[PDB]
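Novice: Below you'll find coords.cif; it's mmCIF, C-alpha atoms.
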data_target
#
loop_
_atom_site.group_PDB
_atom_site.id
_atom_site.type_symbol
_atom_site.label_atom_id
_atom_site.label_comp_id
_atom_site.auth_asym_id
_atom_site.auth_seq_id
_atom_site.Cartn_x
_atom_site.Cartn_y
_atom_site.Cartn_z
ATOM 1 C CA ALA A 444 151.845 83.133 175.381
ATOM 2 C CA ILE A 445 152.330 79.494 174.400
ATOM 3 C CA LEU A 446 149.654 79.801 171.728
ATOM 4 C CA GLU A 447 151.306 82.918 170.298
ATOM 5 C CA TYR A 448 154.748 81.276 170.277
ATOM 6 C CA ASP A 449 153.601 78.062 168.554
ATOM 7 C CA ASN A 450 153.851 79.582 165.068
ATOM 8 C CA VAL A 451 157.461 80.779 165.447
ATOM 9 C CA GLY A 452 158.744 77.217 165.040
ATOM 10 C CA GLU A 453 162.066 75.867 166.318
ATOM 11 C CA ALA A 454 163.720 79.270 165.929
ATOM 12 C CA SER A 455 162.526 80.069 169.468
ATOM 13 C CA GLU A 456 162.646 76.427 170.563
ATOM 14 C CA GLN A 457 164.811 77.595 173.453
ATOM 15 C CA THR A 458 161.833 79.632 174.629
ATOM 16 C CA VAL A 459 159.270 77.163 173.285
ATOM 17 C CA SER A 460 160.398 74.156 175.312
ATOM 18 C CA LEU A 461 160.963 76.339 178.370
ATOM 19 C CA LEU A 462 157.386 77.594 178.241
ATOM 20 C CA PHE A 463 156.152 74.049 177.605
ATOM 21 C CA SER A 464 157.863 72.788 180.750
ATOM 22 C CA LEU A 465 156.654 75.762 182.775
ATOM 23 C CA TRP A 466 153.059 75.227 181.676
ATOM 24 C CA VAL A 467 153.317 71.526 182.497
ATOM 25 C CA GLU A 468 154.520 72.375 185.998
ATOM 26 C CA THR A 469 151.840 75.019 186.494
ATOM 27 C CA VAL A 470 149.048 72.726 185.323
ATOM 28 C CA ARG A 471 150.122 69.595 187.203
ATOM 29 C CA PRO A 472 148.546 70.741 190.498
ATOM 30 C CA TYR A 473 145.299 71.422 188.661
ATOM 31 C CA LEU A 474 145.523 67.971 187.095
ATOM 32 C CA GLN A 475 145.954 66.420 190.527
ATOM 33 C CA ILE A 476 143.057 68.409 191.972
ATOM 34 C CA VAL A 477 140.705 67.452 189.142
ATOM 35 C CA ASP A 478 141.770 63.820 189.379
ATOM 36 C CA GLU A 479 141.177 63.623 193.125
ATOM 37 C CA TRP A 480 137.839 65.434 192.817
ATOM 38 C CA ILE A 481 136.668 62.941 190.181
ATOM 39 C CA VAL A 482 138.131 59.829 191.830
ATOM 40 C CA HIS A 483 136.918 60.536 195.374
ATOM 41 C CA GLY A 484 135.370 64.008 195.538
ATOM 42 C CA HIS A 485 137.268 65.268 198.573
ATOM 43 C CA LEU A 486 140.576 67.119 198.722
ATOM 44 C CA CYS A 487 143.341 67.695 201.204
ATOM 45 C CA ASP A 488 142.669 71.294 200.096
ATOM 46 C CA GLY A 489 140.761 73.728 202.273
ATOM 47 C CA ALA A 490 140.083 76.806 200.131
ATOM 48 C CA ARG A 491 141.027 75.695 196.608
ATOM 49 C CA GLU A 492 143.005 77.417 193.895
ATOM 50 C CA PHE A 493 140.309 76.158 191.517
ATOM 51 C CA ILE A 494 137.932 78.163 189.358
ATOM 52 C CA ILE A 495 134.634 76.623 190.430
ATOM 53 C CA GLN A 496 133.435 77.698 193.855
ATOM 54 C CA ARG A 497 132.364 74.840 196.101
ATOM 55 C CA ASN A 498 129.238 75.284 198.223
ATOM 56 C CA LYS A 499 129.983 73.016 201.171
ATOM 57 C CA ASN A 500 126.735 73.899 202.958
ATOM 58 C CA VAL A 501 124.448 72.171 200.449
ATOM 59 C CA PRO A 502 122.648 69.291 202.199
ATOM 60 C CA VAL A 503 123.593 65.966 200.644
ATOM 61 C CA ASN A 504 119.977 64.752 200.528
ATOM 62 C CA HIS A 505 118.521 67.753 198.737
ATOM 63 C CA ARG A 506 117.342 68.707 195.265
ATOM 64 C CA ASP A 507 119.896 71.506 194.832
ATOM 65 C CA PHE A 508 122.764 69.152 195.685
ATOM 66 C CA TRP A 509 122.726 68.284 191.983
ATOM 67 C CA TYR A 510 123.072 72.043 191.391
ATOM 68 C CA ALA A 511 124.393 73.947 194.415
ATOM 69 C CA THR A 512 127.133 71.473 195.374
ATOM 70 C CA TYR A 513 129.563 73.236 193.013
ATOM 71 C CA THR A 514 129.324 77.008 192.505
ATOM 72 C CA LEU A 515 130.642 78.752 189.399
ATOM 73 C CA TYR A 516 133.081 81.563 190.234
ATOM 74 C CA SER A 517 131.330 84.532 188.636
ATOM 75 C CA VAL A 518 132.968 87.901 189.253
ATOM 76 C CA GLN A 546 132.566 87.955 184.772
ATOM 77 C CA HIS A 547 133.710 84.402 185.473
ATOM 78 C CA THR A 548 137.048 82.869 186.427
ATOM 79 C CA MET A 549 138.155 80.247 183.909
ATOM 80 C CA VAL A 550 141.130 78.855 182.006
ATOM 81 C CA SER A 551 141.108 78.320 178.262
ATOM 82 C CA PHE A 552 142.169 74.693 177.909
ATOM 83 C CA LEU A 553 139.937 73.897 180.875
ATOM 84 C CA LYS A 554 136.878 75.232 179.056
ATOM 85 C CA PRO A 555 136.275 72.305 176.670
ATOM 86 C CA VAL A 556 136.250 69.740 179.484
ATOM 87 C CA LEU A 557 134.663 71.988 182.121
ATOM 88 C CA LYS A 558 131.177 70.534 181.687
ATOM 89 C CA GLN A 559 132.537 66.997 181.508
ATOM 90 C CA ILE A 560 134.585 67.669 184.645
ATOM 91 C CA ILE A 561 131.527 68.943 186.500
ATOM 92 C CA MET A 562 129.285 66.033 185.577
ATOM 93 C CA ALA A 563 132.032 63.466 186.181
ATOM 94 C CA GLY A 564 132.796 64.763 189.659
ATOM 95 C CA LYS A 565 129.180 65.061 190.710
ATOM 96 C CA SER A 566 128.488 61.615 189.235
ATOM 97 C CA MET A 567 131.249 59.955 191.233
ATOM 98 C CA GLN A 568 130.050 61.822 194.321
ATOM 99 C CA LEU A 569 126.520 60.499 193.826
ATOM 100 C CA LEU A 570 127.795 56.993 193.141
ATOM 101 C CA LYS A 571 129.779 57.025 196.379
ATOM 102 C CA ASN A 572 126.731 58.368 198.232
ATOM 103 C CA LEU A 573 124.496 55.623 196.845
ATOM 104 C CA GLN A 574 127.162 52.936 197.344
ATOM 105 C CA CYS A 575 127.559 53.626 201.070
ATOM 106 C CA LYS A 591 147.658 56.162 187.527
ATOM 107 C CA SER A 592 147.777 59.924 188.041
ATOM 108 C CA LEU A 593 146.272 62.023 185.280
ATOM 109 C CA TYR A 594 149.244 64.336 185.706
ATOM 110 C CA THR A 595 151.489 61.364 184.978
ATOM 111 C CA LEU A 596 149.338 60.365 182.010
ATOM 112 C CA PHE A 597 149.598 63.861 180.540
ATOM 113 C CA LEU A 598 153.346 63.888 181.152
ATOM 114 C CA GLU A 599 153.925 60.511 179.504
ATOM 115 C CA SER A 600 151.640 61.371 176.589
ATOM 116 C CA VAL A 601 153.418 64.649 175.877
ATOM 117 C CA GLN A 602 156.802 62.941 176.223
ATOM 118 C CA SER A 603 155.804 60.197 173.778
ATOM 119 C CA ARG A 604 154.496 62.797 171.337
ATOM 120 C CA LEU A 605 157.245 65.344 172.064
ATOM 121 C CA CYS A 681 156.512 71.966 166.105
ATOM 122 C CA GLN A 682 153.120 70.295 166.522
ATOM 123 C CA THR A 683 150.338 72.629 167.616
ATOM 124 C CA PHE A 684 150.302 72.492 171.398
ATOM 125 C CA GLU A 685 146.571 73.143 171.203
ATOM 126 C CA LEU A 686 146.265 70.081 168.988
ATOM 127 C CA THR A 687 148.719 68.297 171.276
ATOM 128 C CA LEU A 688 146.349 68.820 174.201
ATOM 129 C CA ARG A 689 143.346 67.889 172.066
ATOM 130 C CA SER A 690 145.066 64.630 171.141
ATOM 131 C CA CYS A 691 146.396 63.612 174.543
ATOM 132 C CA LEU A 692 144.480 65.205 177.410
ATOM 133 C CA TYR A 693 140.824 65.083 176.434
ATOM 134 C CA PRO A 694 140.579 61.366 175.509
ATOM 135 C CA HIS A 695 141.488 60.383 179.067
ATOM 136 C CA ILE A 696 138.710 62.587 180.425
ATOM 137 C CA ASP A 697 136.269 61.223 177.859
ATOM 138 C CA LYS A 698 137.008 57.634 178.858
ATOM 139 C CA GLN A 699 136.745 58.350 182.577
ATOM 140 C CA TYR A 700 133.547 60.366 182.106
ATOM 141 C CA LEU A 701 131.863 57.643 180.092
ATOM 142 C CA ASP A 702 132.953 55.015 182.614
ATOM 143 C CA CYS A 703 131.573 57.060 185.510
ATOM 144 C CA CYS A 704 128.318 57.712 183.654
ATOM 145 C CA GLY A 705 127.880 54.029 182.878
ATOM 146 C CA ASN A 706 128.586 52.949 186.439
ATOM 147 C CA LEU A 707 126.193 55.549 187.850
ATOM 148 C CA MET A 708 123.419 54.686 185.408
ATOM 149 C CA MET B 1 189.804 103.228 170.633
ATOM 150 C CA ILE B 2 189.459 99.942 168.806
ATOM 151 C CA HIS B 3 187.518 98.328 171.642
ATOM 152 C CA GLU B 4 185.273 101.366 171.938
ATOM 153 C CA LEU B 5 184.973 101.174 168.163
ATOM 154 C CA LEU B 6 183.761 97.584 168.191
ATOM 155 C CA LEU B 7 181.464 98.234 171.157
ATOM 156 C CA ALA B 8 179.875 101.055 169.197
ATOM 157 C CA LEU B 9 179.580 98.542 166.382
ATOM 158 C CA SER B 10 178.176 96.348 169.140
ATOM 159 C CA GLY B 11 175.359 98.858 169.577
ATOM 160 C CA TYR B 12 176.951 100.640 172.553
ATOM 161 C CA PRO B 13 178.117 104.128 171.573
ATOM 162 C CA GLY B 14 180.895 105.693 173.616
ATOM 163 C CA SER B 15 181.966 109.255 174.294
ATOM 164 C CA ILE B 16 183.499 110.019 170.896
ATOM 165 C CA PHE B 17 180.880 107.859 169.144
ATOM 166 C CA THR B 18 177.601 109.734 169.652
ATOM 167 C CA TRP B 19 174.293 108.146 168.617
ATOM 168 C CA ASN B 20 171.793 110.764 167.566
ATOM 169 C CA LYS B 21 168.411 109.061 167.547
ATOM 170 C CA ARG B 22 167.744 110.072 163.947
ATOM 171 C CA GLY B 23 171.134 111.641 163.290
ATOM 172 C CA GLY B 24 172.651 108.162 163.362
ATOM 173 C CA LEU B 25 175.990 107.168 164.808
ATOM 174 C CA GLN B 26 178.564 109.932 164.363
ATOM 175 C CA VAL B 27 182.093 110.785 165.466
ATOM 176 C CA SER B 28 182.947 113.310 168.165
ATOM 177 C CA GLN B 29 185.892 114.663 166.174
ATOM 178 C CA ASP B 30 187.996 115.928 169.069
ATOM 179 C CA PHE B 31 190.900 113.480 169.494
ATOM 180 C CA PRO B 32 194.293 115.069 168.727
ATOM 181 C CA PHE B 33 195.388 111.962 166.791
ATOM 182 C CA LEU B 34 192.369 111.812 164.476
ATOM 183 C CA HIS B 35 193.105 112.404 160.796
ATOM 184 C CA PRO B 36 190.774 113.118 157.874
ATOM 185 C CA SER B 37 191.217 109.585 156.559
ATOM 186 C CA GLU B 38 190.715 108.324 160.097
ATOM 187 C CA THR B 39 187.482 110.283 160.420
ATOM 188 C CA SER B 40 186.306 109.186 156.969
ATOM 189 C CA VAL B 41 186.789 105.526 157.853
ATOM 190 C CA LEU B 42 185.078 106.230 161.158
ATOM 191 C CA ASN B 43 182.069 107.670 159.340
ATOM 192 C CA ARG B 44 181.965 104.778 156.891
ATOM 193 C CA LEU B 45 181.866 102.398 159.853
ATOM 194 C CA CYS B 46 179.325 104.470 161.777
ATOM 195 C CA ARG B 47 177.132 103.920 158.743
ATOM 196 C CA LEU B 48 176.971 100.206 159.496
ATOM 197 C CA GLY B 49 176.805 100.903 163.221
ATOM 198 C CA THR B 50 173.670 102.985 162.757
ATOM 199 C CA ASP B 51 172.326 100.234 160.521
ATOM 200 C CA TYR B 52 172.842 97.691 163.299
ATOM 201 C CA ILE B 53 171.283 100.050 165.845
ATOM 202 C CA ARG B 54 168.153 100.499 163.758
ATOM 203 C CA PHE B 55 168.017 96.761 163.117
ATOM 204 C CA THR B 56 168.106 96.094 166.852
ATOM 205 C CA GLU B 57 165.440 98.705 167.536
ATOM 206 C CA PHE B 58 163.087 97.280 164.912
ATOM 207 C CA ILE B 59 163.584 93.677 165.976
ATOM 208 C CA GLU B 60 162.961 94.516 169.623
ATOM 209 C CA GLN B 61 159.867 96.467 168.565
ATOM 210 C CA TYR B 62 158.292 93.627 166.601
ATOM 211 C CA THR B 63 159.599 90.484 168.307
ATOM 212 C CA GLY B 64 159.294 91.242 172.024
ATOM 213 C CA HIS B 65 155.814 92.728 171.628
ATOM 214 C CA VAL B 66 152.697 91.706 169.730
ATOM 215 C CA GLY B 80 149.291 97.542 160.929
ATOM 216 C CA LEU B 81 152.667 96.491 162.325
ATOM 217 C CA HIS B 82 151.714 93.240 164.016
ATOM 218 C CA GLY B 83 151.416 89.500 163.406
ATOM 219 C CA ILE B 84 153.468 86.353 163.072
ATOM 220 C CA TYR B 85 154.953 87.504 159.765
ATOM 221 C CA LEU B 86 156.531 90.541 161.427
ATOM 222 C CA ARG B 87 158.030 88.510 164.263
ATOM 223 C CA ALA B 88 159.469 86.082 161.719
ATOM 224 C CA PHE B 89 160.903 89.011 159.760
ATOM 225 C CA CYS B 90 162.628 90.298 162.883
ATOM 226 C CA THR B 91 163.939 86.836 163.751
ATOM 227 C CA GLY B 92 165.388 86.283 160.293
ATOM 228 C CA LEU B 93 166.978 89.727 160.309
ATOM 229 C CA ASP B 94 168.618 88.863 163.625
ATOM 230 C CA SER B 95 169.856 85.570 162.207
ATOM 231 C CA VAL B 96 171.279 87.281 159.129
ATOM 232 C CA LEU B 97 173.077 89.828 161.286
ATOM 233 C CA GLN B 98 174.501 87.054 163.478
ATOM 234 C CA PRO B 99 177.428 86.281 161.127
ATOM 235 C CA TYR B 100 178.231 89.981 161.232
ATOM 236 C CA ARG B 101 178.455 89.682 165.007
ATOM 237 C CA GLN B 102 180.696 86.625 164.774
ATOM 238 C CA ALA B 103 182.969 88.464 162.358
ATOM 239 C CA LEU B 104 183.067 91.414 164.745
ATOM 240 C CA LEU B 105 184.053 89.132 167.604
ATOM 241 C CA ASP B 106 186.783 87.446 165.568
ATOM 242 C CA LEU B 107 188.143 90.860 164.608
ATOM 243 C CA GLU B 108 188.171 91.859 168.270
ATOM 244 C CA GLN B 109 190.036 88.646 169.064
ATOM 245 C CA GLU B 110 192.675 89.278 166.423
ATOM 246 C CA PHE B 111 193.173 92.847 167.626
ATOM 247 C CA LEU B 112 193.540 91.514 171.178
ATOM 248 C CA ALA B 113 196.218 89.219 169.730
ATOM 249 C CA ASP B 114 198.240 91.753 167.693
ATOM 250 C CA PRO B 115 198.191 95.438 168.709
ATOM 251 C CA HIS B 116 200.009 96.678 165.607
ATOM 252 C CA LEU B 117 196.893 96.114 163.490
ATOM 253 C CA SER B 118 195.532 99.142 161.645
ATOM 254 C CA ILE B 119 191.872 100.155 161.638
ATOM 255 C CA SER B 120 192.189 99.780 157.875
ATOM 256 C CA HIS B 121 192.461 96.046 158.487
ATOM 257 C CA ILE B 122 189.153 96.184 160.350
ATOM 258 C CA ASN B 123 187.582 98.094 157.471
ATOM 259 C CA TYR B 124 188.923 95.490 155.054
ATOM 260 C CA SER B 125 187.321 92.782 157.160
ATOM 261 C CA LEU B 126 183.950 94.507 157.528
ATOM 262 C CA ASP B 127 183.717 95.411 153.842
ATOM 263 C CA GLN B 128 182.058 91.993 153.540
ATOM 264 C CA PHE B 129 178.946 93.434 155.197
ATOM 265 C CA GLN B 130 179.559 97.051 154.168
ATOM 266 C CA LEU B 131 177.586 96.456 150.973
ATOM 267 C CA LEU B 132 175.179 93.952 152.539
ATOM 268 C CA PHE B 133 173.806 96.234 155.249
ATOM 269 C CA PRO B 134 172.385 99.113 153.162
ATOM 270 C CA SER B 135 170.279 96.775 151.023
ATOM 271 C CA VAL B 136 168.799 95.167 154.136
ATOM 272 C CA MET B 137 168.035 98.594 155.585
ATOM 273 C CA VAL B 138 166.365 99.545 152.299
ATOM 274 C CA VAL B 139 164.206 96.419 152.379
ATOM 275 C CA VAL B 140 163.169 96.816 156.003
ATOM 276 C CA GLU B 141 162.400 100.520 155.644
ATOM 277 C CA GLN B 142 160.246 99.720 152.616
ATOM 278 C CA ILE B 143 158.442 97.031 154.618
ATOM 279 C CA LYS B 144 157.787 99.393 157.523
ATOM 280 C CA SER B 145 156.820 102.452 155.480
ATOM 281 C CA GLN B 146 154.369 100.506 153.346
ATOM 282 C CA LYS B 147 153.188 98.809 156.556
ATOM 283 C CA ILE B 148 153.349 95.520 154.680
ATOM 284 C CA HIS B 149 151.371 93.013 156.713
ATOM 285 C CA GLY B 150 150.529 89.347 156.485
ATOM 286 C CA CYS B 151 151.434 87.202 153.503
ATOM 287 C CA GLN B 152 152.007 90.397 151.515
ATOM 288 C CA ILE B 153 155.339 90.634 153.323
ATOM 289 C CA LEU B 154 156.185 87.166 152.023
ATOM 290 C CA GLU B 155 155.713 88.506 148.502
ATOM 291 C CA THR B 156 157.612 91.698 149.319
ATOM 292 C CA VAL B 157 161.024 90.144 149.914
ATOM 293 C CA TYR B 158 160.297 87.661 147.141
ATOM 294 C CA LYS B 159 160.023 90.683 144.859
ATOM 295 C CA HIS B 160 163.409 91.756 146.183
ATOM 296 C CA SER B 161 164.569 88.133 146.398
ATOM 297 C CA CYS B 162 165.703 88.434 142.754
ATOM 298 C CA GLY B 163 168.332 91.076 143.525
ATOM 299 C CA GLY B 164 171.771 91.435 141.982
ATOM 300 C CA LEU B 165 173.903 91.395 145.150
ATOM 301 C CA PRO B 166 175.136 87.853 145.854
ATOM 302 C CA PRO B 167 175.589 88.587 149.562
ATOM 303 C CA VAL B 168 172.288 90.427 149.809
ATOM 304 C CA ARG B 169 170.650 87.797 147.627
ATOM 305 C CA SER B 170 171.823 84.982 149.895
ATOM 306 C CA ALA B 171 170.563 86.809 152.981
ATOM 307 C CA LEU B 172 167.219 87.396 151.295
ATOM 308 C CA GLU B 173 166.994 83.738 150.309
ATOM 309 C CA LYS B 174 167.621 82.754 153.926
ATOM 310 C CA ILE B 175 164.939 85.091 155.273
ATOM 311 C CA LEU B 176 162.586 83.959 152.520
ATOM 312 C CA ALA B 177 163.153 80.348 153.512
ATOM 313 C CA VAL B 178 162.241 81.283 157.074
ATOM 314 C CA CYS B 179 159.068 82.925 155.762
ATOM 315 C CA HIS B 180 158.357 79.865 153.633
ATOM 316 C CA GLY B 181 158.734 77.694 156.708
ATOM 317 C CA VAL B 182 156.303 79.816 158.701
ATOM 318 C CA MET B 183 153.694 79.845 155.956
ATOM 319 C CA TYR B 184 154.250 76.127 155.424
ATOM 320 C CA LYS B 185 153.416 75.648 159.088
ATOM 321 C CA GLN B 186 150.286 77.697 158.440
ATOM 322 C CA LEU B 187 149.379 75.708 155.332
ATOM 323 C CA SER B 188 149.990 72.375 157.036
ATOM 324 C CA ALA B 189 147.710 73.492 159.845
ATOM 325 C CA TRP B 190 145.017 74.566 157.387
ATOM 326 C CA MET B 191 145.301 71.373 155.314
#
Go ahead and express the file in the form of structure tokens.
Specialist:
Amino acid sequence: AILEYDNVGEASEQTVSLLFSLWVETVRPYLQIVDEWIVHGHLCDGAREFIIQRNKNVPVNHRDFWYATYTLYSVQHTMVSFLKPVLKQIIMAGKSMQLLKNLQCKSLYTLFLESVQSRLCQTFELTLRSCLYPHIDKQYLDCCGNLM
Amino acid sequence: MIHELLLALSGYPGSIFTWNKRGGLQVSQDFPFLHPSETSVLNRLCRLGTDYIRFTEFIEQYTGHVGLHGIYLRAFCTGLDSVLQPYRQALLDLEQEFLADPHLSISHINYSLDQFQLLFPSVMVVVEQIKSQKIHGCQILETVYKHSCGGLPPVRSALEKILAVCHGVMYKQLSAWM
């Protein structure tokens, strides 16, 4: 809906900003979940609202822990559009922090909010490309470097 | 009568004012006070009422829902709504002035709405051409531009406004692609 209403312009800005705010609210919990999963790896969650299925029975010291620890939700497959580009990066970042914590034994929602407030018309797809992904890229590279 | 009249003009036909789906808005000529001039003015106004009704139908069809589809069509509907908006404001002001003075004649209302009496049929012509030819995409932008050189200053101003909206949309597109 937000992608289809981008091209209208400020004629529907009453609807445009409303949908923007609604999407921000809807995505914040996902932002928090992803952040916690890639900062620690645990959640206060018990069954997730998240696309990727978690296999909690995978032994930590096992070859398939690199694989079976997180299970893709195939029906075809549950997924969200804007989550697709960073899905692989999310997966590797989270598993990398998990491994780093195993071997070693501000909120992303807020960052997105402040970025979109500073920036905000402009393509919301390009808005997300500009603001959201670079944070993930930096965190992913930092995690990869630390792990390596 | 007058309030029912304006509400029919507001797209809400009453008992006397009957909206045949393709027979348009028409007058239930039954009131004992109706006169041939009265009915003639009523029919002249039901003309523009039917125009507004069809405008509303089309805009709902191609703005609330996604041939006859694409961003151009939604922009067309939005600009048509915007152009009709001053008609609505004039209608409301006329209602207000009737609510002030009850001695006002329906002829006064016809005098007031003559501003859009000529404007509406040209807009209907344009939109029915667009629909019948199923004009789609940037072709539509040319379409009104073809008609944008019309001889009706009111119609020409409305067409310039809608064409500026179309220009803005395709400028958004071109900025994205550049």
Novice: Tell me which residues the PyMOL selection byres ((chain A) within 9 of (chain B)) grabs here, as a list in words.
Specialist: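 Taken over the shown coordinates, the PyMOL selection byres ((chain A) within 9 of (chain B)) returns residues 447, 448, 450, 451, 452, 454, 455, 681 and 683 of chain A.
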Novice: Kindly provide, as a list in words, the polymer residues lying within 10 Å of (149.2, 62.1, 186.9), counting only C-alpha atoms and using the coordinates exactly as they appear in the file.
Specialist: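 Residues lying no farther than 10 Å from the given point: residues 471, 472, 474, 475, 478, 591, 592, 593, 594, 595, 596, 597, 598 and 599 of chain A.
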Novice: Select, counting only C-alpha atoms, all protein, DNA and RNA residues no farther than 10 Å from (133.7, 70.3, 186.1) in file coordinates, and express the selection as number ranges by chain.
Specialist: A: 477, 480-481, 494-495, 513, 515, 553-565
Novice: Taking the file as shown, find all residues satisfying the PyMOL selection byres ((chain B and resi 28) around 10) and write them as a PyMOL selection string.
Specialist: chain B and resi 14-18+25-27+29-31+39
Novice: Would you mind telling me which residue in B:169, B:121, B:180, B:22 lies nearest to residue 155 (chain B) when using all atoms listed in the file?
Specialist: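 Counting all atoms listed in the file, the residue closest to residue 155 (chain B) is B:180.
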Novice: Neighbouring residues of residue 107 (chain B) were defined as those with any atom within 10 Å, considering only C-alpha atoms; residues of the same chain fewer than 2 positions away were excluded. Please report them as a PyMOL selection string.
Specialist: chain B and resi 6+101-105+109-113+121-122+125-126
Novice: Using all atoms listed in the file, which of the listed residues (A:552, A:573, A:445, A:707) sits closest to residue 689 (chain A)?
Specialist: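 Result for the nearest residue to residue 689 (chain A): A:552.
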Novice: Record the distance separating CA of residue 144 (chain B) and CA of residue 179 (chain B), expressed in Å with one decimal.
Specialist: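 So the answer is 16.6 Å.
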Novice: Separation of CA of residue 7 (chain B) and CA of residue 57 (chain B), in Å?
Specialist: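 Rounded to one decimal, the two atoms are 16.4 Å apart.
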Novice: Please enumerate the residues selected by the PyMOL selection byres ((chain B and resi 44) around 12) when evaluated against the supplied file, formatted as a ChimeraX atom specification.
Specialist: /B:9,24-27,37-43,45-51,119-120,122-124,126-127,129-131,133-134
Novice: Can you pull out the residues contacting residue 705 (chain A)? Cut-off 12 Å, using only C-alpha atoms, and skip same-chain residues under 3 positions away; I want them as a ChimeraX atom specification.
Specialist: /A:563,566-567,570,698-702,708
Novice: Find the residues near region 503-511 of chain A: any atom within 9 Å, counting all atoms listed in the file, skip ones fewer than 5 places away on the same chain, and give them as a ChimeraX atom specification.
Specialist: /A:497-498,565,569,572
Novice: Put those residues in a file: C-alpha atoms, as a CSV table (one decimal), in the frame of the given file.
Specialist:
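Dumped everything to part.csv:
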chain,number,residue,atom,x,y,z
A,497,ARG,CA,132.4,74.8,196.1
A,498,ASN,CA,129.2,75.3,198.2
A,565,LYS,CA,129.2,65.1,190.7
A,569,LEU,CA,126.5,60.5,193.8
A,572,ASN,CA,126.7,58.4,198.2
Novice: Could you tell me how far CA of residue 132 (chain B) lies from CA of residue 93 (chain B), in Å and to one decimal?
Specialist: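 Here the two named atoms are 12.1 Å from each other.
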Novice: Give me the residues within 10 Å of residue 161 (chain B) as a short mmCIF file (atom, residue, chain, number, x, y, z; two decimals) with C-alpha atoms, keeping the file's coordinate frame, counting all atoms listed in the file and dropping any in the same chain fewer than 6 places off.
Specialist:
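Output (out-v1.cif):
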data_model
loop_
_atom_site.label_atom_id
_atom_site.label_comp_id
_atom_site.auth_asym_id
_atom_site.auth_seq_id
_atom_site.Cartn_x
_atom_site.Cartn_y
_atom_site.Cartn_z
CA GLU B 155 155.71 88.51 148.50
CA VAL B 168 172.29 90.43 149.81
CA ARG B 169 170.65 87.80 147.63
CA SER B 170 171.82 84.98 149.90
CA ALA B 171 170.56 86.81 152.98
CA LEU B 172 167.22 87.40 151.29
CA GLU B 173 166.99 83.74 150.31
CA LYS B 174 167.62 82.75 153.93
CA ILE B 175 164.94 85.09 155.27
CA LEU B 176 162.59 83.96 152.52
#
Novice: Enclose region 605-695 of chain A, meaning all of its atoms listed in the file, in a box aligned along x, y and z, pad it by 6 Å on each side, and list the centre and edge lengths in Å to one decimal, as lines of an AutoDock Vina configuration file.
Specialist:
center_x = 148.9
center_y = 66.8
center_z = 172.6
size_x = 28.7
size_y = 24.8
size_z = 25.0
Novice: Taking only C-alpha atoms into account, which of B:191, B:81, B:23, B:118 comes nearest residue 145 (chain B)?
Specialist: B:81
Novice: From the coordinates I just gave you, please extract region 59-83 of chain B so that only N, CA and C atoms remain, then output it as an mmCIF file, in the first residue's frame.
Specialist:
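Result went into out-v6.cif, see below:
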data_model
loop_
_atom_site.group_PDB
_atom_site.id
_atom_site.type_symbol
_atom_site.label_atom_id
_atom_site.label_comp_id
_atom_site.auth_asym_id
_atom_site.auth_seq_id
_atom_site.Cartn_x
_atom_site.Cartn_y
_atom_site.Cartn_z
ATOM 1 N N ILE B 59 -14.525 8.483 -9.941
ATOM 2 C CA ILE B 59 -13.384 8.721 -9.071
ATOM 3 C C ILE B 59 -13.287 7.627 -8.021
ATOM 4 N N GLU B 60 -14.418 7.206 -7.455
ATOM 5 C CA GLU B 60 -14.375 6.068 -6.545
ATOM 6 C C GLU B 60 -13.850 4.822 -7.248
ATOM 7 N N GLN B 61 -14.261 4.614 -8.501
ATOM 8 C CA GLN B 61 -13.844 3.422 -9.232
ATOM 9 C C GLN B 61 -12.335 3.364 -9.404
ATOM 10 N N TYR B 62 -11.707 4.502 -9.690
ATOM 11 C CA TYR B 62 -10.310 4.493 -10.113
ATOM 12 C C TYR B 62 -9.404 5.279 -9.173
ATOM 13 N N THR B 63 -9.849 5.546 -7.955
ATOM 14 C CA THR B 63 -8.973 6.017 -6.891
ATOM 15 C C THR B 63 -8.927 5.097 -5.684
ATOM 16 N N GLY B 64 -10.069 4.560 -5.263
ATOM 17 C CA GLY B 64 -10.105 3.603 -4.175
ATOM 18 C C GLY B 64 -9.651 2.204 -4.515
ATOM 19 N N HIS B 65 -9.526 1.876 -5.794
ATOM 20 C CA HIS B 65 -9.111 0.548 -6.213
ATOM 21 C C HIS B 65 -8.016 0.677 -7.259
ATOM 22 N N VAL B 66 -7.184 -0.356 -7.349
ATOM 23 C CA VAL B 66 -6.087 -0.372 -8.304
ATOM 24 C C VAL B 66 -6.606 -0.780 -9.676
ATOM 25 N N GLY B 80 -5.473 -1.204 -19.643
ATOM 26 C CA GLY B 80 -6.891 -1.129 -19.345
ATOM 27 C C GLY B 80 -7.257 0.157 -18.633
ATOM 28 N N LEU B 81 -7.950 0.022 -17.506
ATOM 29 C CA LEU B 81 -8.357 1.158 -16.685
ATOM 30 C C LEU B 81 -7.677 0.959 -15.339
ATOM 31 N N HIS B 82 -6.408 1.358 -15.269
ATOM 32 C CA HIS B 82 -5.585 1.056 -14.108
ATOM 33 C C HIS B 82 -4.200 1.675 -14.230
ATOM 34 N N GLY B 83 -3.682 2.180 -13.118
ATOM 35 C CA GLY B 83 -2.375 2.803 -13.062
ATOM 36 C C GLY B 83 -2.417 4.136 -12.341
#
